[PDB]
Amino acid sequence: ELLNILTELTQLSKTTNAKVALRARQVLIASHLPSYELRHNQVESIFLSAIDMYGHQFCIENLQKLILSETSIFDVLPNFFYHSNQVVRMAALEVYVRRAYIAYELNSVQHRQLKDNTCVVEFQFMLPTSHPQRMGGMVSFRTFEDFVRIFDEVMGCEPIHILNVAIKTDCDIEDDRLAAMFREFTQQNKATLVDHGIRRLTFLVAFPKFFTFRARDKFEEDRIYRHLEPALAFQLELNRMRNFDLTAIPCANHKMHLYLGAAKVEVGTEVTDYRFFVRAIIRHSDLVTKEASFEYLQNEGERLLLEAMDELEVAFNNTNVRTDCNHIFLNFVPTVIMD
């Protein structure tokens, strides 16, 4: 009964009634995401029930589902810093890295421990078709100082290594302060170069707020991948934007990553070309076709197209730069058998 009103209200195209049509859209599009209790319960159920005795032959598949489902669980996965079991660290890190590094071809993952608070996991993968064998790993910490306290210990596993660091600071988003704190460590301590060689160091702040620092050639900062894990730098073709200066726009259901790009111009002629880019990631398990994938393609096409248009509508009306050639890119992870 409210859906009819909201969908009628969003059709008021005259600019006098924009505020109401905008807000209604925000409601209608926002009322598809579970309200965080369902995600907490499902995710913690899987991650905590596998723990008692791993290998019940259904827990494995449930972890796989968490890796290869549509719903984003990156708002829950960083909560398994330890939680209480200390074994769930292992599982959560596995799912996190495997879901984030969907595009990288992983082959060898392993869980390592220390006799304190340091669940480490090492990963060995390769790059299928992008600058073509790197290695990596991930570890969590507490507050900030626990990172530096044993920073030299956790590294005792060409700069091919990648390290991910997740730090429990569940209070008060302060991006400037966070960035300053991380810059101090990366500018003073050069273990990333002298120990074995780490290409990039990524900090996850706990929804998630990513900060990436490369202590190799450029200044230890990255304005492009702020609030985005750069493991998705191949899933979404961001290298095709050298000619533009980009600003990311936050939105609900942040599988639809929106950027506003302004053409690079000289110091003479001003900027007249502004364009939105929707870059989406569609996660789902592979399909076996028995002439049964048509509904999947049709439904996902329609659903994703409508969501793209809705998010773009909101962000299009929130600014005034008069864009011309907006673009939508949908990258589907699963393979489908179809002509």
# chains A, B, ... in the order shown; residues from 1 in each chain; ligands from 1
call {"tool": "select_by_dssp", "arguments": {"residues": "range 77-307 of chain A", "states": "strand (DSSP E or B)", "output": "mmCIF file with N, CA, C and O atoms, in the first residue's frame"}}
result
data_model
loop_
_atom_site.group_PDB
_atom_site.id
_atom_site.type_symbol
_atom_site.label_atom_id
_atom_site.label_comp_id
_atom_site.auth_asym_id
_atom_site.auth_seq_id
_atom_site.Cartn_x
_atom_site.Cartn_y
_atom_site.Cartn_z
ATOM 1 N N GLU A 105 43.549 -15.550 -8.649
ATOM 2 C CA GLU A 105 43.459 -17.003 -8.598
ATOM 3 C C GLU A 105 44.256 -17.499 -7.398
ATOM 4 O O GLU A 105 45.488 -17.563 -7.445
ATOM 5 N N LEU A 106 43.553 -17.864 -6.334
ATOM 6 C CA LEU A 106 44.176 -18.426 -5.148
ATOM 7 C C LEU A 106 44.397 -19.919 -5.315
ATOM 8 O O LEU A 106 43.576 -20.621 -5.911
ATOM 9 N N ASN A 107 45.525 -20.395 -4.783
ATOM 10 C CA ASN A 107 45.846 -21.814 -4.836
ATOM 11 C C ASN A 107 46.231 -22.377 -3.477
ATOM 12 O O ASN A 107 45.890 -23.529 -3.191
ATOM 13 N N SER A 108 46.931 -21.611 -2.630
ATOM 14 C CA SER A 108 47.456 -22.170 -1.383
ATOM 15 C C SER A 108 47.267 -21.189 -0.238
ATOM 16 O O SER A 108 47.947 -20.164 -0.174
ATOM 17 N N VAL A 109 46.378 -21.536 0.687
ATOM 18 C CA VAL A 109 46.074 -20.730 1.861
ATOM 19 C C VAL A 109 46.455 -21.537 3.090
ATOM 20 O O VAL A 109 46.318 -22.765 3.107
ATOM 21 N N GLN A 110 46.935 -20.848 4.121
ATOM 22 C CA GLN A 110 47.334 -21.536 5.337
ATOM 23 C C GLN A 110 47.180 -20.625 6.546
ATOM 24 O O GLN A 110 47.424 -19.418 6.477
ATOM 25 N N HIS A 111 46.820 -21.240 7.668
ATOM 26 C CA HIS A 111 46.554 -20.551 8.920
ATOM 27 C C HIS A 111 47.717 -20.753 9.875
ATOM 28 O O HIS A 111 48.106 -21.894 10.150
ATOM 29 N N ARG A 112 48.232 -19.651 10.424
ATOM 30 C CA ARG A 112 49.329 -19.665 11.377
ATOM 31 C C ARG A 112 48.935 -18.885 12.621
ATOM 32 O O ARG A 112 48.158 -17.922 12.558
ATOM 33 N N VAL A 120 47.403 -15.096 12.027
ATOM 34 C CA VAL A 120 47.945 -14.747 10.720
ATOM 35 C C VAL A 120 47.457 -15.783 9.725
ATOM 36 O O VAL A 120 47.274 -16.954 10.075
ATOM 37 N N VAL A 121 47.240 -15.355 8.485
ATOM 38 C CA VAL A 121 46.920 -16.271 7.401
ATOM 39 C C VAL A 121 47.721 -15.859 6.184
ATOM 40 O O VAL A 121 47.732 -14.682 5.816
ATOM 41 N N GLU A 122 48.387 -16.828 5.568
ATOM 42 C CA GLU A 122 49.170 -16.605 4.366
ATOM 43 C C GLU A 122 48.431 -17.159 3.160
ATOM 44 O O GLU A 122 47.728 -18.171 3.242
ATOM 45 N N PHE A 123 48.621 -16.488 2.035
ATOM 46 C CA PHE A 123 47.931 -16.764 0.792
ATOM 47 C C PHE A 123 48.952 -16.754 -0.328
ATOM 48 O O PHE A 123 49.839 -15.896 -0.358
ATOM 49 N N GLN A 124 48.830 -17.710 -1.241
ATOM 50 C CA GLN A 124 49.634 -17.750 -2.450
ATOM 51 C C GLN A 124 48.704 -17.912 -3.637
ATOM 52 O O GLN A 124 47.968 -18.908 -3.735
ATOM 53 N N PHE A 125 48.765 -16.916 -4.523
ATOM 54 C CA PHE A 125 47.878 -16.754 -5.658
ATOM 55 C C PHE A 125 48.715 -16.343 -6.862
ATOM 56 O O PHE A 125 49.946 -16.271 -6.797
ATOM 57 N N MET A 126 48.030 -16.055 -7.966
ATOM 58 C CA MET A 126 48.665 -15.538 -9.168
ATOM 59 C C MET A 126 47.705 -14.579 -9.856
ATOM 60 O O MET A 126 46.547 -14.434 -9.457
ATOM 61 N N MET A 135 52.311 -13.150 -3.450
ATOM 62 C CA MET A 135 51.940 -13.789 -2.200
ATOM 63 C C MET A 135 51.375 -12.718 -1.288
ATOM 64 O O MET A 135 51.584 -11.523 -1.515
ATOM 65 N N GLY A 136 50.665 -13.145 -0.250
ATOM 66 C CA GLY A 136 50.082 -12.186 0.656
ATOM 67 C C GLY A 136 49.717 -12.804 1.981
ATOM 68 O O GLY A 136 49.965 -13.981 2.232
ATOM 69 N N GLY A 137 49.129 -11.984 2.837
ATOM 70 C CA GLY A 137 48.649 -12.475 4.110
ATOM 71 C C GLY A 137 47.843 -11.413 4.816
ATOM 72 O O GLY A 137 47.821 -10.247 4.417
ATOM 73 N N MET A 138 47.178 -11.844 5.882
ATOM 74 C CA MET A 138 46.286 -10.977 6.633
ATOM 75 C C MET A 138 46.343 -11.307 8.114
ATOM 76 O O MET A 138 46.484 -12.473 8.504
ATOM 77 N N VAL A 139 46.216 -10.258 8.922
ATOM 78 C CA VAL A 139 46.288 -10.329 10.376
ATOM 79 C C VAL A 139 45.435 -9.203 10.935
ATOM 80 O O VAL A 139 45.332 -8.134 10.325
ATOM 81 N N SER A 140 44.837 -9.439 12.100
ATOM 82 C CA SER A 140 44.090 -8.428 12.833
ATOM 83 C C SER A 140 44.860 -7.976 14.075
ATOM 84 O O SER A 140 45.789 -8.644 14.534
ATOM 85 N N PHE A 141 44.470 -6.817 14.609
ATOM 86 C CA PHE A 141 45.089 -6.260 15.812
ATOM 87 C C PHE A 141 44.015 -5.562 16.640
ATOM 88 O O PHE A 141 42.821 -5.644 16.336
ATOM 89 N N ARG A 142 44.453 -4.876 17.699
ATOM 90 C CA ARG A 142 43.570 -4.144 18.595
ATOM 91 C C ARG A 142 44.107 -2.740 18.845
ATOM 92 O O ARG A 142 45.289 -2.547 19.152
ATOM 93 N N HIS A 161 55.025 -9.264 -1.911
ATOM 94 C CA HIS A 161 54.163 -9.563 -0.781
ATOM 95 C C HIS A 161 53.117 -8.471 -0.607
ATOM 96 O O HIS A 161 53.372 -7.295 -0.882
ATOM 97 N N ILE A 162 51.932 -8.879 -0.170
ATOM 98 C CA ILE A 162 50.840 -7.975 0.159
ATOM 99 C C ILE A 162 50.405 -8.295 1.578
ATOM 100 O O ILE A 162 50.159 -9.460 1.904
ATOM 101 N N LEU A 163 50.296 -7.269 2.412
ATOM 102 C CA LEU A 163 49.861 -7.436 3.789
ATOM 103 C C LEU A 163 48.590 -6.644 4.024
ATOM 104 O O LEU A 163 48.528 -5.452 3.710
ATOM 105 N N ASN A 164 47.591 -7.313 4.587
ATOM 106 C CA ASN A 164 46.361 -6.681 5.028
ATOM 107 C C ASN A 164 46.335 -6.664 6.544
ATOM 108 O O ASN A 164 46.692 -7.654 7.189
ATOM 109 N N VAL A 165 45.908 -5.538 7.100
ATOM 110 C CA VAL A 165 45.903 -5.304 8.535
ATOM 111 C C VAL A 165 44.528 -4.775 8.906
ATOM 112 O O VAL A 165 44.041 -3.826 8.286
ATOM 113 N N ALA A 166 43.906 -5.385 9.908
ATOM 114 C CA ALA A 166 42.574 -5.011 10.362
ATOM 115 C C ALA A 166 42.643 -4.652 11.835
ATOM 116 O O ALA A 166 43.086 -5.462 12.652
ATOM 117 N N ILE A 167 42.188 -3.453 12.178
ATOM 118 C CA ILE A 167 42.423 -2.882 13.496
ATOM 119 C C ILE A 167 41.083 -2.469 14.089
ATOM 120 O O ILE A 167 40.365 -1.633 13.528
ATOM 121 N N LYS A 168 40.775 -3.037 15.249
ATOM 122 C CA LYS A 168 39.556 -2.761 15.993
ATOM 123 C C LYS A 168 39.589 -1.366 16.613
ATOM 124 O O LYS A 168 40.274 -1.148 17.617
ATOM 125 N N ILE A 198 57.211 -5.686 0.639
ATOM 126 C CA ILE A 198 55.752 -5.632 0.563
ATOM 127 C C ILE A 198 55.384 -4.516 -0.402
ATOM 128 O O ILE A 198 55.786 -3.362 -0.212
ATOM 129 N N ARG A 199 54.597 -4.858 -1.426
ATOM 130 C CA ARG A 199 54.190 -3.869 -2.419
ATOM 131 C C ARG A 199 53.267 -2.817 -1.815
ATOM 132 O O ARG A 199 53.488 -1.613 -1.990
ATOM 133 N N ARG A 200 52.216 -3.251 -1.123
ATOM 134 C CA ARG A 200 51.245 -2.341 -0.537
ATOM 135 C C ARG A 200 50.812 -2.857 0.822
ATOM 136 O O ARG A 200 50.738 -4.067 1.052
ATOM 137 N N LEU A 201 50.497 -1.915 1.707
ATOM 138 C CA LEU A 201 49.972 -2.211 3.032
ATOM 139 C C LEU A 201 48.614 -1.547 3.162
ATOM 140 O O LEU A 201 48.502 -0.320 3.046
ATOM 141 N N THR A 202 47.593 -2.354 3.416
ATOM 142 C CA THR A 202 46.219 -1.892 3.490
ATOM 143 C C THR A 202 45.690 -2.063 4.901
ATOM 144 O O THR A 202 45.764 -3.157 5.469
ATOM 145 N N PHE A 203 45.143 -0.986 5.450
ATOM 146 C CA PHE A 203 44.544 -0.981 6.772
ATOM 147 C C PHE A 203 43.033 -0.947 6.652
ATOM 148 O O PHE A 203 42.477 -0.107 5.939
ATOM 149 N N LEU A 204 42.380 -1.862 7.351
ATOM 150 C CA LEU A 204 40.935 -1.883 7.470
ATOM 151 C C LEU A 204 40.559 -1.291 8.814
ATOM 152 O O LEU A 204 40.997 -1.785 9.857
ATOM 153 N N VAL A 205 39.749 -0.243 8.789
ATOM 154 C CA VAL A 205 39.200 0.367 9.984
ATOM 155 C C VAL A 205 37.738 -0.034 10.056
ATOM 156 O O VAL A 205 37.014 0.051 9.057
ATOM 157 N N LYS A 209 36.164 1.123 6.497
ATOM 158 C CA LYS A 209 36.892 2.288 6.009
ATOM 159 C C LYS A 209 38.318 1.832 5.728
ATOM 160 O O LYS A 209 39.106 1.596 6.647
ATOM 161 N N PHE A 210 38.624 1.665 4.452
ATOM 162 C CA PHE A 210 39.932 1.214 4.013
ATOM 163 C C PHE A 210 40.871 2.385 3.796
ATOM 164 O O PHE A 210 40.461 3.434 3.292
ATOM 165 N N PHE A 211 42.135 2.198 4.168
ATOM 166 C CA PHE A 211 43.191 3.167 3.904
ATOM 167 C C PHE A 211 44.402 2.407 3.389
ATOM 168 O O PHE A 211 44.927 1.533 4.083
ATOM 169 N N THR A 212 44.849 2.743 2.185
ATOM 170 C CA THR A 212 45.918 2.025 1.505
ATOM 171 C C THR A 212 47.159 2.901 1.455
ATOM 172 O O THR A 212 47.071 4.088 1.130
ATOM 173 N N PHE A 213 48.313 2.306 1.761
ATOM 174 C CA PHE A 213 49.587 3.013 1.783
ATOM 175 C C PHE A 213 50.619 2.156 1.073
ATOM 176 O O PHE A 213 50.804 0.985 1.426
ATOM 177 N N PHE A 244 40.690 11.154 -16.345
ATOM 178 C CA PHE A 244 39.700 11.760 -15.481
ATOM 179 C C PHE A 244 40.236 11.854 -14.066
ATOM 180 O O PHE A 244 41.049 11.033 -13.634
ATOM 181 N N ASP A 245 39.759 12.864 -13.351
ATOM 182 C CA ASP A 245 39.932 12.977 -11.914
ATOM 183 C C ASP A 245 38.626 12.536 -11.276
ATOM 184 O O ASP A 245 37.564 13.085 -11.590
ATOM 185 N N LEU A 246 38.704 11.528 -10.415
ATOM 186 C CA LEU A 246 37.530 10.859 -9.883
ATOM 187 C C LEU A 246 37.295 11.220 -8.428
ATOM 188 O O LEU A 246 38.234 11.425 -7.654
ATOM 189 N N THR A 247 36.020 11.292 -8.075
ATOM 190 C CA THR A 247 35.580 11.334 -6.694
ATOM 191 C C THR A 247 34.536 10.249 -6.527
ATOM 192 O O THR A 247 33.550 10.215 -7.267
ATOM 193 N N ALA A 248 34.754 9.363 -5.572
ATOM 194 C CA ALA A 248 33.756 8.356 -5.281
ATOM 195 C C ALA A 248 32.602 8.990 -4.529
ATOM 196 O O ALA A 248 32.782 9.920 -3.740
ATOM 197 N N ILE A 249 31.410 8.480 -4.790
ATOM 198 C CA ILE A 249 30.183 8.930 -4.148
ATOM 199 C C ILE A 249 29.647 7.759 -3.332
ATOM 200 O O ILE A 249 29.387 6.691 -3.901
ATOM 201 N N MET A 256 27.367 -1.280 -5.801
ATOM 202 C CA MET A 256 27.233 -0.393 -6.949
ATOM 203 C C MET A 256 28.114 0.819 -6.671
ATOM 204 O O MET A 256 27.648 1.846 -6.183
ATOM 205 N N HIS A 257 29.398 0.696 -6.979
ATOM 206 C CA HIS A 257 30.371 1.735 -6.691
ATOM 207 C C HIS A 257 30.219 2.854 -7.708
ATOM 208 O O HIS A 257 30.505 2.671 -8.895
ATOM 209 N N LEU A 258 29.784 4.011 -7.241
ATOM 210 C CA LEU A 258 29.582 5.174 -8.088
ATOM 211 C C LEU A 258 30.756 6.128 -7.981
ATOM 212 O O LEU A 258 31.200 6.455 -6.877
ATOM 213 N N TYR A 259 31.222 6.600 -9.128
ATOM 214 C CA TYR A 259 32.244 7.623 -9.218
ATOM 215 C C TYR A 259 31.756 8.746 -10.111
ATOM 216 O O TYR A 259 31.046 8.515 -11.088
ATOM 217 N N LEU A 260 32.129 9.968 -9.761
ATOM 218 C CA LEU A 260 31.955 11.122 -10.625
ATOM 219 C C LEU A 260 33.331 11.529 -11.112
ATOM 220 O O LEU A 260 34.230 11.773 -10.303
ATOM 221 N N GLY A 261 33.478 11.621 -12.424
ATOM 222 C CA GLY A 261 34.755 11.872 -13.059
ATOM 223 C C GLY A 261 34.690 13.180 -13.826
ATOM 224 O O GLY A 261 33.687 13.476 -14.483
ATOM 225 N N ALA A 262 35.758 13.951 -13.718
ATOM 226 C CA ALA A 262 35.908 15.202 -14.435
ATOM 227 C C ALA A 262 37.107 15.082 -15.351
ATOM 228 O O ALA A 262 38.183 14.659 -14.921
ATOM 229 N N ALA A 263 36.910 15.436 -16.612
ATOM 230 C CA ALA A 263 37.983 15.339 -17.586
ATOM 231 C C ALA A 263 39.176 16.175 -17.155
ATOM 232 O O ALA A 263 39.026 17.273 -16.617
ATOM 233 N N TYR A 274 31.829 16.258 -17.403
ATOM 234 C CA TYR A 274 31.607 15.556 -16.150
ATOM 235 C C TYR A 274 30.758 14.334 -16.435
ATOM 236 O O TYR A 274 29.760 14.432 -17.144
ATOM 237 N N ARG A 275 31.151 13.182 -15.903
ATOM 238 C CA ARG A 275 30.423 11.953 -16.180
ATOM 239 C C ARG A 275 30.363 11.079 -14.942
ATOM 240 O O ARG A 275 31.330 10.980 -14.191
ATOM 241 N N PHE A 276 29.216 10.450 -14.743
ATOM 242 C CA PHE A 276 29.067 9.420 -13.738
ATOM 243 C C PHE A 276 29.478 8.077 -14.312
ATOM 244 O O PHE A 276 29.263 7.801 -15.493
ATOM 245 N N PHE A 277 30.074 7.248 -13.463
ATOM 246 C CA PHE A 277 30.408 5.872 -13.787
ATOM 247 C C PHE A 277 29.896 4.981 -12.675
ATOM 248 O O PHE A 277 30.255 5.165 -11.508
ATOM 249 N N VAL A 278 29.075 4.014 -13.041
ATOM 250 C CA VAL A 278 28.609 2.983 -12.133
ATOM 251 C C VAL A 278 29.427 1.744 -12.427
ATOM 252 O O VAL A 278 29.422 1.241 -13.555
ATOM 253 N N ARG A 279 30.143 1.271 -11.424
ATOM 254 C CA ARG A 279 30.957 0.073 -11.526
ATOM 255 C C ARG A 279 30.455 -0.882 -10.458
ATOM 256 O O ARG A 279 30.584 -0.609 -9.263
ATOM 257 N N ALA A 280 29.860 -1.980 -10.892
ATOM 258 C CA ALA A 280 29.229 -2.928 -9.996
ATOM 259 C C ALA A 280 29.920 -4.276 -10.055
ATOM 260 O O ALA A 280 30.510 -4.646 -11.072
ATOM 261 N N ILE A 281 29.840 -4.997 -8.944
ATOM 262 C CA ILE A 281 30.348 -6.354 -8.834
ATOM 263 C C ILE A 281 29.179 -7.244 -8.467
ATOM 264 O O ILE A 281 28.477 -6.985 -7.483
ATOM 265 N N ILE A 282 28.986 -8.292 -9.248
ATOM 266 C CA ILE A 282 27.923 -9.258 -9.041
ATOM 267 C C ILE A 282 28.587 -10.563 -8.659
ATOM 268 O O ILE A 282 29.249 -11.204 -9.484
#
call {"tool": "residues_around", "arguments": {"residues": "residue 66 in chain A", "least_positions_apart": "2", "cutoff": "12 Å", "atoms": "only C-alpha atoms", "output": "VMD selection string"}}
result
chain A and resid 39 42 to 47 59 to 64 68 to 74 76 to 77 91 to 92 94 to 100 283 to 285
call {"tool": "write_last_selection", "arguments": {"atoms": "N, CA and C atoms", "output": "compact mmCIF listing (two decimals), in the first residue's frame"}}
result
# COMPACT_ATOMS: atom_id res chain seq x y z
N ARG A 39 21.85 -10.23 8.79
CA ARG A 39 23.21 -10.50 8.38
C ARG A 39 24.06 -10.95 9.56
N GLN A 42 22.85 -14.68 10.43
CA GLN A 42 23.25 -15.70 9.46
C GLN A 42 24.76 -15.90 9.46
N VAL A 43 25.51 -14.80 9.41
CA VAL A 43 26.95 -14.88 9.28
C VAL A 43 27.55 -15.50 10.53
N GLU A 44 27.11 -15.05 11.70
CA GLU A 44 27.67 -15.58 12.93
C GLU A 44 27.24 -17.02 13.15
N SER A 45 26.04 -17.38 12.71
CA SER A 45 25.60 -18.76 12.80
C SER A 45 26.54 -19.68 12.04
N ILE A 46 26.83 -19.34 10.78
CA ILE A 46 27.73 -20.17 10.00
C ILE A 46 29.13 -20.17 10.62
N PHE A 47 29.64 -18.99 10.98
CA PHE A 47 31.03 -18.91 11.41
C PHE A 47 31.25 -19.54 12.78
N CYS A 59 29.02 -27.45 6.78
CA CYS A 59 29.63 -26.18 7.17
C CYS A 59 30.53 -25.65 6.07
N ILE A 60 31.22 -26.55 5.37
CA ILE A 60 32.10 -26.15 4.28
C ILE A 60 31.31 -25.40 3.22
N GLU A 61 30.17 -25.96 2.82
CA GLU A 61 29.35 -25.33 1.80
C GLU A 61 28.80 -24.00 2.27
N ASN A 62 28.50 -23.88 3.56
CA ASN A 62 27.97 -22.62 4.07
C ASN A 62 29.03 -21.54 4.04
N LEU A 63 30.27 -21.90 4.36
CA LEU A 63 31.36 -20.94 4.22
C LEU A 63 31.52 -20.53 2.76
N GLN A 64 31.40 -21.49 1.85
CA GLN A 64 31.48 -21.18 0.43
C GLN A 64 30.38 -20.23 0.02
N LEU A 68 30.60 -16.75 -1.93
CA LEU A 68 30.01 -16.61 -3.25
C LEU A 68 28.52 -16.35 -3.21
N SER A 69 28.08 -15.44 -2.36
CA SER A 69 26.71 -14.98 -2.35
C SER A 69 26.66 -13.53 -2.78
N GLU A 70 25.45 -13.09 -3.12
CA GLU A 70 25.25 -11.73 -3.57
C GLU A 70 25.40 -10.75 -2.42
N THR A 71 24.90 -11.11 -1.24
CA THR A 71 24.85 -10.17 -0.13
C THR A 71 26.24 -9.86 0.39
N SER A 72 26.51 -8.57 0.58
CA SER A 72 27.76 -8.14 1.17
C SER A 72 27.73 -8.41 2.66
N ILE A 73 28.76 -9.09 3.15
CA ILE A 73 28.95 -9.38 4.56
C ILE A 73 30.17 -8.65 5.12
N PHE A 74 30.75 -7.75 4.34
CA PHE A 74 31.89 -6.98 4.78
C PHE A 74 31.55 -6.02 5.90
N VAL A 76 30.07 -7.31 8.52
CA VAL A 76 30.07 -8.24 9.64
C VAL A 76 31.42 -8.92 9.83
N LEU A 77 32.06 -9.32 8.74
CA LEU A 77 33.35 -10.02 8.81
C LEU A 77 34.41 -9.35 9.67
N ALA A 91 38.58 -18.83 10.24
CA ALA A 91 37.50 -18.96 9.28
C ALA A 91 37.14 -17.62 8.66
N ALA A 92 37.02 -16.59 9.51
CA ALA A 92 36.63 -15.28 9.03
C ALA A 92 37.68 -14.71 8.08
N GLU A 94 39.68 -16.44 6.23
CA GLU A 94 39.57 -17.21 4.99
C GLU A 94 38.47 -16.63 4.11
N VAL A 95 37.30 -16.41 4.70
CA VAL A 95 36.16 -15.95 3.91
C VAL A 95 36.39 -14.54 3.41
N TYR A 96 36.97 -13.69 4.25
CA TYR A 96 37.21 -12.31 3.87
C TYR A 96 38.14 -12.24 2.67
N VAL A 97 39.30 -12.88 2.77
CA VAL A 97 40.26 -12.79 1.69
C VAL A 97 39.72 -13.48 0.45
N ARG A 98 39.03 -14.60 0.62
CA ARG A 98 38.54 -15.32 -0.55
C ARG A 98 37.42 -14.56 -1.25
N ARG A 99 36.64 -13.78 -0.51
CA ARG A 99 35.58 -13.01 -1.15
C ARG A 99 36.14 -11.75 -1.78
N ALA A 100 37.09 -11.10 -1.09
CA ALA A 100 37.68 -9.89 -1.63
C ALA A 100 38.57 -10.20 -2.82
N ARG A 283 28.39 -10.96 -7.42
CA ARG A 283 28.95 -12.18 -6.89
C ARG A 283 27.86 -13.23 -6.84
N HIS A 284 28.20 -14.44 -7.28
CA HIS A 284 27.29 -15.57 -7.28
C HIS A 284 28.08 -16.78 -7.72
N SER A 285 27.61 -17.95 -7.31
CA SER A 285 28.28 -19.18 -7.68
C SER A 285 28.08 -19.46 -9.16
call {"tool": "residues_around", "arguments": {"residues": "residue 173 in chain A", "least_positions_apart": "3", "cutoff": "12 Å", "atoms": "only C-alpha atoms", "output": "JSON, numbers by chain"}}
result
{"A": [169, 170, 176, 177, 178, 179, 205, 206, 207, 208, 209, 210, 227]}
call {"tool": "atom_distance", "arguments": {"atom1": "CA of residue 143 in chain A", "atom2": "CA of residue 197 in chain A"}}
result
25.6 Å
call {"tool": "atom_distance", "arguments": {"atom1": "CA of residue 101 in chain A", "atom2": "CA of residue 237 in chain A"}}
result
14.8 Å
call {"tool": "atom_distance", "arguments": {"atom1": "CA of residue 324 in chain A", "atom2": "CA of residue 9 in chain A"}}
result
25.9 Å
call {"tool": "closest_residue", "arguments": {"among": "A:118, A:269, A:156, A:226", "to": "residue 175 in chain A", "atoms": "only C-alpha atoms"}}
result
A:226
call {"tool": "select_by_dssp", "arguments": {"residues": "range 86-139 of chain A", "states": "helix (DSSP H, G or I)", "output": "ChimeraX atom specification"}}
result
/A:88-100
call {"tool": "write_last_selection", "arguments": {"atoms": "N, CA, C and O atoms", "output": "PDB file, in the first residue's frame"}}
result
ATOM      1  N   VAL A  88      37.570 -18.928  15.177  1.00  0.00           N
ATOM      2  CA  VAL A  88      36.766 -18.235  14.191  1.00  0.00           C
ATOM      3  C   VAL A  88      37.563 -17.170  13.469  1.00  0.00           C
ATOM      4  O   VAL A  88      37.173 -16.745  12.380  1.00  0.00           O
ATOM      5  N   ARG A  89      38.642 -16.683  14.082  1.00  0.00           N
ATOM      6  CA  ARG A  89      39.575 -15.808  13.384  1.00  0.00           C
ATOM      7  C   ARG A  89      39.996 -16.420  12.063  1.00  0.00           C
ATOM      8  O   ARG A  89      39.952 -15.772  11.008  1.00  0.00           O
ATOM      9  N   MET A  90      40.428 -17.676  12.116  1.00  0.00           N
ATOM     10  CA  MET A  90      40.870 -18.400  10.929  1.00  0.00           C
ATOM     11  C   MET A  90      39.790 -18.427   9.857  1.00  0.00           C
ATOM     12  O   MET A  90      40.040 -18.074   8.693  1.00  0.00           O
ATOM     13  N   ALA A  91      38.581 -18.832  10.239  1.00  0.00           N
ATOM     14  CA  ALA A  91      37.496 -18.961   9.278  1.00  0.00           C
ATOM     15  C   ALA A  91      37.139 -17.616   8.665  1.00  0.00           C
ATOM     16  O   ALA A  91      36.958 -17.498   7.443  1.00  0.00           O
ATOM     17  N   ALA A  92      37.018 -16.594   9.506  1.00  0.00           N
ATOM     18  CA  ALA A  92      36.633 -15.278   9.026  1.00  0.00           C
ATOM     19  C   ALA A  92      37.679 -14.711   8.085  1.00  0.00           C
ATOM     20  O   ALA A  92      37.333 -14.119   7.059  1.00  0.00           O
ATOM     21  N   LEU A  93      38.960 -14.876   8.408  1.00  0.00           N
ATOM     22  CA  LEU A  93      39.997 -14.395   7.508  1.00  0.00           C
ATOM     23  C   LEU A  93      39.953 -15.137   6.186  1.00  0.00           C
ATOM     24  O   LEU A  93      40.137 -14.529   5.120  1.00  0.00           O
ATOM     25  N   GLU A  94      39.680 -16.444   6.228  1.00  0.00           N
ATOM     26  CA  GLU A  94      39.571 -17.206   4.991  1.00  0.00           C
ATOM     27  C   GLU A  94      38.469 -16.634   4.115  1.00  0.00           C
ATOM     28  O   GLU A  94      38.686 -16.345   2.933  1.00  0.00           O
ATOM     29  N   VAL A  95      37.297 -16.406   4.701  1.00  0.00           N
ATOM     30  CA  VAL A  95      36.156 -15.950   3.913  1.00  0.00           C
ATOM     31  C   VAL A  95      36.394 -14.540   3.411  1.00  0.00           C
ATOM     32  O   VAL A  95      36.061 -14.211   2.267  1.00  0.00           O
ATOM     33  N   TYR A  96      36.970 -13.688   4.252  1.00  0.00           N
ATOM     34  CA  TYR A  96      37.215 -12.307   3.869  1.00  0.00           C
ATOM     35  C   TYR A  96      38.139 -12.238   2.672  1.00  0.00           C
ATOM     36  O   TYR A  96      37.825 -11.595   1.664  1.00  0.00           O
ATOM     37  N   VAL A  97      39.297 -12.882   2.774  1.00  0.00           N
ATOM     38  CA  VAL A  97      40.262 -12.793   1.694  1.00  0.00           C
ATOM     39  C   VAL A  97      39.721 -13.478   0.450  1.00  0.00           C
ATOM     40  O   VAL A  97      39.885 -12.980  -0.667  1.00  0.00           O
ATOM     41  N   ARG A  98      39.028 -14.602   0.616  1.00  0.00           N
ATOM     42  CA  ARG A  98      38.536 -15.318  -0.547  1.00  0.00           C
ATOM     43  C   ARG A  98      37.425 -14.561  -1.252  1.00  0.00           C
ATOM     44  O   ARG A  98      37.270 -14.687  -2.471  1.00  0.00           O
ATOM     45  N   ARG A  99      36.643 -13.776  -0.514  1.00  0.00           N
ATOM     46  CA  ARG A  99      35.583 -13.009  -1.147  1.00  0.00           C
ATOM     47  C   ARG A  99      36.144 -11.749  -1.776  1.00  0.00           C
ATOM     48  O   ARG A  99      35.736 -11.366  -2.877  1.00  0.00           O
ATOM     49  N   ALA A 100      37.088 -11.104  -1.095  1.00  0.00           N
ATOM     50  CA  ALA A 100      37.683  -9.889  -1.631  1.00  0.00           C
ATOM     51  C   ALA A 100      38.570 -10.199  -2.822  1.00  0.00           C
ATOM     52  O   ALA A 100      38.551  -9.474  -3.823  1.00  0.00           O
TER      53      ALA A 100
END
call {"tool": "residues_around", "arguments": {"residues": "range 10-23 of chain A", "least_positions_apart": "5", "cutoff": "9 Å", "atoms": "only C-alpha atoms", "output": "list in words"}}
result
residues 5, 28, 313, 314, 317 and 318 of chain A
